[PDB]
Amino acid sequence: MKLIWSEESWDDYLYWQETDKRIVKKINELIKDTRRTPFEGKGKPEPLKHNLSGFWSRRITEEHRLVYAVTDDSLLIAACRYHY
Amino acid sequence: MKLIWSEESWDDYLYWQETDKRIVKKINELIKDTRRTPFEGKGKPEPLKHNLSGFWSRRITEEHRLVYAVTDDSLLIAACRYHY
Amino acid sequence: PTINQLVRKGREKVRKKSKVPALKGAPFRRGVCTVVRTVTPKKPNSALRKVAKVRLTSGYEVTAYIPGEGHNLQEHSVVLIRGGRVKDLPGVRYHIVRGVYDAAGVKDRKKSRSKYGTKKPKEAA
Amino acid sequence: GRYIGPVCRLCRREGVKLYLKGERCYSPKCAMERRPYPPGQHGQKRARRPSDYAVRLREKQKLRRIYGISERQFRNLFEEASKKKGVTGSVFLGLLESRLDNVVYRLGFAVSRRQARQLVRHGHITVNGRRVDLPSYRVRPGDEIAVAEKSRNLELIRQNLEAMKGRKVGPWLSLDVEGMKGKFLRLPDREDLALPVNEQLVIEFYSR
Amino acid sequence: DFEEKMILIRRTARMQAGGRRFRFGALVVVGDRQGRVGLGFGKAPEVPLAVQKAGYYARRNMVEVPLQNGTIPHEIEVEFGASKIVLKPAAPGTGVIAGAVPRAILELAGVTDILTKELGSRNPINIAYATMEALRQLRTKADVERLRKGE
RNA sequence: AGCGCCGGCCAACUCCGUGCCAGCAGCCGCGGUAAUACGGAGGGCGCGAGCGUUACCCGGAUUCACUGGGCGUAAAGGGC
RNA sequence: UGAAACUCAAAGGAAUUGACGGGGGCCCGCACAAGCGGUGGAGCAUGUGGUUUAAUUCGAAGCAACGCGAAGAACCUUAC
RNA sequence: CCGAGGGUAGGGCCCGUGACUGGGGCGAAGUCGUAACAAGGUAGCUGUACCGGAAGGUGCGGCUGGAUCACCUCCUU
RNA sequence: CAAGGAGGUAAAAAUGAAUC
Ligand code: SF4
Ligand SMILES: [Mg+2]
Ligand SMILES: [Mg+2]
Ligand SMILES: [Mg+2]
Ligand SMILES: [Mg+2]
Ligand SMILES: [Mg+2]
Ligand SMILES: [Mg+2]
Ligand SMILES: [Mg+2]
Ligand SMILES: [Mg+2]
Ligand SMILES: [Mg+2]
Ligand SMILES: [Mg+2]
Ligand SMILES: [Mg+2]
Ligand SMILES: [Mg+2]
Ligand SMILES: [Mg+2]
Ligand SMILES: [Mg+2]
Ligand SMILES: [Mg+2]
Ligand SMILES: [Mg+2]
Ligand SMILES: [Mg+2]
Ligand SMILES: [Mg+2]
Ligand SMILES: [Mg+2]
Ligand SMILES: [Mg+2]
Ligand SMILES: [Mg+2]
Ligand SMILES: [Mg+2]
Ligand SMILES: [Mg+2]
Ligand SMILES: [Mg+2]
Ligand SMILES: [Mg+2]
Ligand SMILES: [Mg+2]
Ligand SMILES: [Mg+2]
Ligand SMILES: [Mg+2]
Ligand SMILES: [Mg+2]
Ligand SMILES: [Mg+2]
Ligand SMILES: [Mg+2]
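Protein chains in written order, with full-length UniProt numbering: chain B, 1 to 84; chain Z, 1 to 84; chain F, 2 to 126; chain Y, 2 to 209; chain S, 5 to 155.
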């Protein structure tokens with residue numbers, strides 16, 4: 001479906017490879033489920049409001065949120081580290 | 001710019017991720033070089049022709065190829081695993 | 002109220018309402034699956050609950066839940082509707098018993114296998 | 002059938018020795034003189050305060066494990082004792098004591114109730130001339146509980162009658178050691194038997 | 005000499021700027037199984053302090069229990085606010101048929117057999133106070149004829 | 001000799017796997033790294049030629065109150 | 001006059017402790033006002049965000065992070 | 001003659017279904033605004049009537065399930 | 001000497017960030 005990785009999102013994911021592998025496993029599954037059902041599925045996706053309007057948040061861990069946006073042909077990954 | 005992965009390309013990136021660790025580190029070294037210099041860097045930048053015109057290839061190994069397309073706002077990674 | 006009120010109007014009974022209409026007063030109902038997929042749960046929980054829309058012998062077409070780990074259910078599998086609802090699933094008020102016509106039991110399970118329909122394993126003893 | 006397996010585990014779970022083996026129970030290897038703590042890996046752990054349901058359940062299970070009986074016959078005897086004139090506790094204890102294997106154990110023909118049940122079931126016990134191989138026969142007052150004629154020698158029973166020779170039997174029973182017979186005089190009163198069970202907890206347990 | 009039994013150990017809360025501030029309550033019953041029973045309710049910021057204060061209050065407030073060989077003499081219905089308890093005498097050999105709180109109260113008072121029922125609100129504090137007031141209102145034939153004699 | 005259960009109601013506890021996934025579930029609810037609540041194991045509890053589940057009836061439900069409930073503010077005084 | 005399907009695990013009454021008010025009464029602090037001298041403008045020093053870069057090691061993030069950990073980075077320190 | 005039933009015409013009640021259409025509920029956080037809760041920034045609610053993207057606003061009357069907690073106007077030292 | 005009976009009251013300032 002085409003994954004768009006932002007300058008921050010790619011670095012955040014890159015840091016985890018040399019840091020924590022489980023987080024990567026969680027993000028990979030969320031991405032795997034997201035392309036299949038973009039709005040329902042794992043990580044309890046909910047639409048974000050005014051600050052990040054037009055974006056969707058899927059929980060990685062109780063504090064890490066995978067922020068993403070959907071298009072008819074692609075998926076833009078805003079971040080995968082910190083709280084929004 | 002940003003990262004754009006094809007559905008086949010993402011599977012190849014993940015396939016390497018769950019199979020060979022040496023290869024993913026090498027893959028990461030190349031993509032980083034592209035961003036700074038797209039037509040320069042490691043991987044012997046050589047462009048394809050006739051039907052693959054506009055696509056550049058770098059060699060992670062003697063067999064596998066990293067095929068990509070560069071744009072002012074984005075990079076398009078077609079494949080990172082030479083299918084049999 | 003007064004006694005004359007009780008003689009005139011009397012007391013109303015309770016006339017409770019069944020929560021399992023599709024069963025039609027039967028403990029179990031055979032049904033053919035038509036749609037087998039996974040659905041997301043309700044308010045304080047996240048998972049992928051495996052359900053199956055079942056067109057059963059009472060002319061009704063109702064959703065049912067698939068308990069256990071994995072299943073072999075397709076678009077033309079004949080199953081048996083046990084009953085009982087799943088709290089975190091809307092419109093799902095029924096269950097699919099395993100170990101039946103086409104709903105095979107869960108493999109490798111060894112504790113509670115009367116539920117989920119798994120045979121007694123014999124480590125040759 | 003009845004419970005077949007580890008018995009000292011049952012004696013240890015209740016925390017009170019209840020004599021289910023015989024010679025081993027009087028011996029210093031009673032398993033409670035060595036380890037007087039409940040079974041399992043968590044036996045030596047902190048004794049958590051039991052609830053009201055736990056006390057009544059332990060109480061009922063203790064009385065049921067005393068005579069070695071199943072919950073079917075136990076609750077049936079309790080239902081027959083409750084819907085009967087008199088105090089429901091003493092009549093329950095009297096109906097439980099009127100079981101044939103129990104009276105054979107009381108007469109000293111066996112050192113344990115399971116042994117007495119096996120002796121009744123094998124036809125070694127004769128009640129009023131005819132043999133009875135039913136370990137649930139309610140013995141009425143005046144019955145002559147004896148040993149059969151083919152079963153007179155029996156190397157095991159001679160040592161048991163010799164060991165019973167000297168021990169007095171309860172006030173509701175008679176015993177002719179040389180004659181290999183006994184008699185059920187009357188129903189045992191509440192004061193006659195001193196079982197380590199509070200019958201009131203058993204009656205208020207079953208009354209849900 | 006007096007058997008001390010606790011039944012309700014709860015955790016209350018008090019709000020203040022910053023967060024929740026707790027305080028524990030304890031409801032204990034003291035008795036001797038000979039016709040004397042007491043009830044207490046203590047408040048302290050720790051569990052054993054609460055049980056100690058509750059037992060100290062329970063030994064202060066006590067009441068006579070006119071037992072008649074195995075139970076209470078007559079039946080009584082006492083409504084404490086929204087809670088109502090009904091006590092009834094039973095024959096010798098039935099058992100203490102009661103809930104959590106009345107079994108703990110009448111068990112320490114010496115009742116062998118009794119027939120109770122909790123109606124209305126089932127708050128264990130009010131059921132306890134209703135049980136104590138109901139045991140307080142118990143009278144025997146000697147007492148009733150002592151009031152109806154005239155002098 | 002088998003079956004259910006071992007967070008609370010409800011008798012019965014530890015380890016490993018798992019990581020808001022897979023899954024449990026009658027309610028409150030459990031699972032986003034040490035989960036007595038998922039799966040397994042050891043151990044325990046309850047029953048035992050059976051043990052659990054589903055459907056229905058009564059009970060708990062003094063939540064149709066004859067026994068045995070209420071109507072100022074919780075549902076309830078009719079506009080007179 | 002007056003329902004049902006479906007849905008929710010509650011909706012509520014009074015009262016208690018708090019918090020808040022563009023509610024009130026009483027009262028403090030360079031809080032306002034009175035009066036000085038400043039920053040924002042300029043050049044430079046130092047720290048941070050951003051971006052760049054092989055790396056620009058990390059942390060600190062309103063008040064109460066930003067010449068802060070450095071009361072002292074030429075190689076040492078130093079973790080890149 | 002009556003007569004089972006068959007046929008014709010006209011009704012009554014119930015059930016399924018129907019392009020389209022009206023609201024209801026769920027999907028923990030889509031857009032717009034701030035109505036109510038602190039005098040909620042115009043006390044609130046209500047019957048009715050009109051109007052307005054929307055909550056709602058306004059007219060008339062009503063209620064306490066609000067307000068005399070300070071200067072300053074009408075009658076008293 | 002105390003206060004009651006009445007009566008006129010701020011504003012232009014809106015919203016909340018997604019670990020219940
Ligand atoms: S020897 Fe007897 S008393 Fe001791 S544990 Fe065994 S059965 Fe119980
Ligand atoms: Mg959850
Ligand atoms: Mg015999
Ligand atoms: Mg009342
Ligand atoms: Mg069970
Ligand atoms: Mg327990
Ligand atoms: Mg289970
Ligand atoms: Mg682990
Ligand atoms: Mg673990
Ligand atoms: Mg459970
Ligand atoms: Mg388990
Ligand atoms: Mg049988
Ligand atoms: Mg009734
Ligand atoms: Mg009545
Ligand atoms: Mg009522
Ligand atoms: Mg109201
Ligand atoms: Mg009302
Ligand atoms: Mg009126
Ligand atoms: Mg009218
Ligand atoms: Mg000033
Ligand atoms: Mg300047
Ligand atoms: Mg750090
Ligand atoms: Mg006709
Ligand atoms: Mg307002
Ligand atoms: Mg407002
Ligand atoms: Mg106005
Ligand atoms: Mg109006
Ligand atoms: Mg207008
Ligand atoms: Mg008005
Ligand atoms: Mg009026
Ligand atoms: Mg404005
Ligand atoms: Mg807004």
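Backbone N, C-alpha and C fix where the C-beta goes; we use that ideal spot for every residue, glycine too.
Task: Start-to-end residues for the beta strand (DSSP E) that takes in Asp177(Y) - done: Start at 1 with the first residue of the fourth sequence, and residue 177(Y) comes out as number 176. Segment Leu174 to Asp177, the beta strand (DSSP E) holding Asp177(Y).
Open item on the list: Let me make sure I understand the geometry here. Which of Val133(Y), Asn129(Y), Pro7(Y) and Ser113(Y) has the alpha-carbon closest to that of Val121(Y)?
Closed with: Taking the fourth sequence and counting its residues from 1, the one referred to as residue 121(Y) is at position 120. Looking at the Cα atoms, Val133(Y) is the closest of the given residues.
- [ ] Could you check if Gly32(F) is buried or exposed, using at least 16 other CB atoms within 10 Å of its CB as the buried criterion?
- [x] Residue mapping note: residue 32(F) aligns to position 31 of the third sequence, counting from 1. Its Cβ being crowded by 16 or more others within 10 Å, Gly32(F) is buried.
Task: Alpha-carbon to alpha-carbon, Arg10(Y) and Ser208(Y) - done: Taking the first residue of the fourth sequence as position 1, residue 208(Y) is located at position 207. Taking the first residue of the fourth sequence as position 1, residue 10(Y) is located at position 9. Going by the C-alpha atoms only, they are around 28 angstroms apart.
Open item on the list: With a threshold of 8 angstroms between beta carbons, is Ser47(F) in contact with chain B?
Closed with: Position 46 of the third sequence, counted from the first residue, corresponds to residue 47(F). At least one chain B Cβ lies under 8 angstroms of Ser47(F).
TODO: Starting from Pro96(S), find everything on chain Y with Cβ-Cβ shorter than 8 angstroms and list it in chain order.
DONE: For this step, residue 96(S) is matched to residue 92 along the fifth sequence. Taking the beta carbon of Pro96(S) as reference, the chain Y residues within 8 angstroms of it are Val88, listed in sequence order.
Task: Whether residue 3(S) touches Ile101(S) by CB criterion (8 angstroms) - done: In this structure chain S extends from 5 to 155, so residue 3(S) is not present and cannot be described.
Open item on the list: Between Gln141(S), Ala54(S), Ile11(S) and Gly42(S), which has its C-alpha nearest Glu83(S)'s C-alpha?
Closed with: As a first step, residue 83(S) must be located in the fifth sequence, where it is residue number 79. Comparing Cα-Cα distances from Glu83(S) to each of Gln141(S), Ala54(S), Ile11(S) and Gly42(S), the minimum goes to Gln141(S).
Open item on the list: So the candidates are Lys18(Y), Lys46(Y), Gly44(Y) and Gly41(Y); which of them puts its Cα closest to the Cα of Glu34(Y)?
Closed with: Start at 1 with the first residue of the fourth sequence, and residue 34(Y) comes out as number 33. Comparing Cα-Cα distances from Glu34(Y) to each of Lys18(Y), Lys46(Y), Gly44(Y) and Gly41(Y), the minimum goes to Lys18(Y).
- [ ] Determine which residues share a DSSP beta bridge with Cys34(F) and list them.
- [x] The count along the third sequence starts at 1 and reaches residue 34(F) at position 33. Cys34(F) is bridged to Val55(F).
TODO: Could you tell me whether the Cβ atoms of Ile4(Z) and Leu75(Z) are closer together than 8 angstroms?
DONE: Taking the second sequence and counting its residues from 1, one reaches residue 4(Z) at position 4. Taking the second sequence and counting its residues from 1, one reaches residue 75(Z) at position 75. A contact, by the Cβ cut-off of 8 angstroms.
Open item on the list: Could you check whether the region 94-107 of chain F touches the region 67-84 of chain F, counting it as contact only if at least three pairs of C-beta atoms, one from each stretch, sit closer than 8 angstroms?
Closed with: The region 94-107 of chain F, when compared against the region 67-84 of chain F, does touch it at the 8 angstroms Cβ threshold.
- [ ] Give the single residue among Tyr133(S), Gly124(S), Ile129(S) and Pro70(S) whose Cα lies nearest to the Cα of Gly29(S).
- [x] As a position in the fifth sequence, residue 29(S) is number 25, starting the count at 1. For the residues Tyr133(S), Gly124(S), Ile129(S) and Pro70(S), the minimum Cα distance to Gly29(S) belongs to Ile129(S).
- [ ] With distances taken Cα to Cα, identify the nearest neighbour of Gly59(S) among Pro49(S), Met10(S) and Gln72(S).
- [x] Position 55 of the fifth sequence, counted from the start, is the residue given in the question as residue 59(S). Check the Cα spacing between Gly59(S) and each of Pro49(S), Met10(S) and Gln72(S): the tightest is with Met10(S).
- [ ] Could you list which residues in chain F have their beta carbon closer than 7 angstroms to that of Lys44(B), in chain order?
- [x] Reading the first sequence from its first residue, position 44 is the one you call residue 44(B). Near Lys44(B) (Cβ distances below 7 angstroms), the residues of chain F are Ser47.
Task: Top-ranked residue by Cα proximity to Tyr68(B), from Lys42(B), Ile77(B), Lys2(B) and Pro47(B) - done: Numbered from 1 along the first sequence, position 68 holds the residue referred to as residue 68(B). Checked all of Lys42(B), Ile77(B), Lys2(B) and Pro47(B); the closest Cα to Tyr68(B) is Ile77(B).
TODO: Could you have a look at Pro93(S) and say whether DSSP puts it in helix, strand or coil?
DONE: As a first step, residue 93(S) is located in the fifth sequence; it is residue number 89 there, counting from the start. Strand.
Task: Three-way DSSP call (helix, strand, coil) for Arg187(Y) in this model - done: Here the question's residue 187(Y) lines up with position 186 in the fourth sequence. Here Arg187(Y) sits in coil by DSSP.
Open item on the list: Using beta carbons (cut-off 8 angstroms, strictly below), is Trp16(Z) in contact with chain B?
Closed with: For the purposes of this step, residue 16(Z) is identified with residue 16 of the second sequence, where counting begins at 1. Output row for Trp16(Z): interface = no.
Open item on the list: Looking at chain Y, is there any beta carbon in it that lies within less than 8 angstroms of the beta carbon of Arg14(S)?
Closed with: Numbered from its first residue, the fifth sequence carries residue 14(S) at position 10. No, its Cβ sits nowhere closer than 8 angstroms to a Cβ of chain Y.
TODO: Would you please verify whether the beta carbon of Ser71(Y) is less than 8 angstroms from any beta carbon of chain S?
DONE: For the purposes of this step, residue 71(Y) is taken as the residue at position 70 of the fourth sequence. Using a Cβ-Cβ cut-off of 8 angstroms, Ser71(Y) does not count as an interface residue toward chain S, since no Cβ of chain S sits closer than that to its own.
TODO: Tell me whether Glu46(Z) sits in a helix, a strand or coil according to DSSP, three-state version.
DONE: By 1-based counting over the second sequence, the position of residue 46(Z) is 46. For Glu46(Z), the three-state secondary structure derived from DSSP is strand.
Open item on the list: Looking at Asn154(Y): is its Cβ nearer than 8 angstroms to the Cβ of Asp144(Y)?
Closed with: Residue numbering aside, residue 154(Y) sits at position 153 when the fourth sequence is read from its first letter. Residue numbering aside, residue 144(Y) sits at position 143 when the fourth sequence is read from its first letter. With contacts defined by Cβ atoms closer than 8 angstroms, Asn154(Y) and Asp144(Y) do not form a contacting pair.
- [ ] Put residue 1(S) into one of helix, strand or coil per three-state DSSP.
- [x] Residue numbering for chain S in the displayed model covers 5 to 155; residue 1(S) lies beyond these limits and cannot be assessed.
- [ ] Verify the CB distance criterion: does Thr41(F) have a CB-CB separation below 8 angstroms to chain B?
- [x] Locating residue 41(F) in the third sequence gives position 40, counting from the first residue. Output row for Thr41(F): interface = yes.
- [ ] Identify, in the order they occur along the chain, each residue of the same chain with its Cβ nearer than 8 angstroms to the Cβ of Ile27(Z), setting aside the five sequence neighbours on each side.
- [x] Against the second sequence, residue 27(Z) aligns to sequence position 27. Correct list, in chain order: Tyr13, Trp16, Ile60, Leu66 and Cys80.
Open item on the list: Let me confirm a value: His72(F) is counted as buried when at least 16 other C-beta atoms fall within 10 Å, else exposed. Which label applies?
Closed with: As a position in the third sequence, residue 72(F) is number 71, starting the count at 1. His72(F) comes out buried.
Task: Integer Cβ distance of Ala149(Y) from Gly124(Y), believed to fall under 8 angstroms - done: Translated into positions along the fourth sequence, residue 149(Y) becomes position 148. Translated into positions along the fourth sequence, residue 124(Y) becomes position 123. The beta-carbon separation of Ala149(Y) and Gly124(Y), rounded to 6 angstroms, stays under the 8 angstroms limit for a contact.
Open item on the list: Quick check on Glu8(B) - is its C-beta less than 8 angstroms from some C-beta in chain F?
Closed with: Your numbering for residue 8(B) matches position 8 in the first sequence. False, the Cβ-Cβ gap to chain F never drops below 8 angstroms.
TODO: State yes or no: is the C-beta of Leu97(Y) within less than 8 angstroms of the C-beta of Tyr68(Y)?
DONE: The sequence position of residue 97(Y) within the fourth sequence is 96, counting from 1. The sequence position of residue 68(Y) within the fourth sequence is 67, counting from 1. Yes, these two residues count as a Cβ contact at 8 angstroms.
Task: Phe75(Y) vs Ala82(Y) beta-carbon contact at 8 angstroms - done: Taking the fourth sequence and counting its residues from 1, the one referred to as residue 75(Y) is at position 74. Taking the fourth sequence and counting its residues from 1, the one referred to as residue 82(Y) is at position 81. Cβ atoms of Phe75(Y) and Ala82(Y): not closer than 8 angstroms.
Open item on the list: At a cut-off of 7 angstroms, would you count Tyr20(Y) as near ligand 1, judging by its Cβ distance to the nearest heavy atom?
Closed with: To locate residue 20(Y), count along the fourth sequence from 1; it is residue 19. The answer is yes for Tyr20(Y).
Task: Length-filtered (3 minimum) beta strand (DSSP E) runs lying within the UniProt domain "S4 RNA-binding" (99-161) of chain Y - done: The UniProt domain "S4 RNA-binding" (99-161) of chain Y contains these whole beta strand (DSSP E) runs: 126-128 and 145-148.
TODO: Return helix, strand or coil for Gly90(Y), following the three-state DSSP convention.
DONE: Stepping through the fourth sequence from its first residue, residue 90(Y) is reached at position 89. The answer is helix: DSSP assigns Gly90(Y) an H, G or I state.
Task: Anticipated Cβ contact below 8 angstroms, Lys42(Z) with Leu30(Z), distance rounded - done: Within the second sequence, residue 42(Z) is the residue found at index 42, counting from 1. Within the second sequence, residue 30(Z) is the residue found at index 30, counting from 1. Confirmed, Cβ separation roughly 6 angstroms.
Open item on the list: Checking the sheet assignment: what are the DSSP bridge partners for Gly2(Y)?
Closed with: Indexing the fourth sequence from 1 puts residue 2(Y) at position 1. Answer by DSSP bridge pairing: none, since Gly2(Y) is not bridged.
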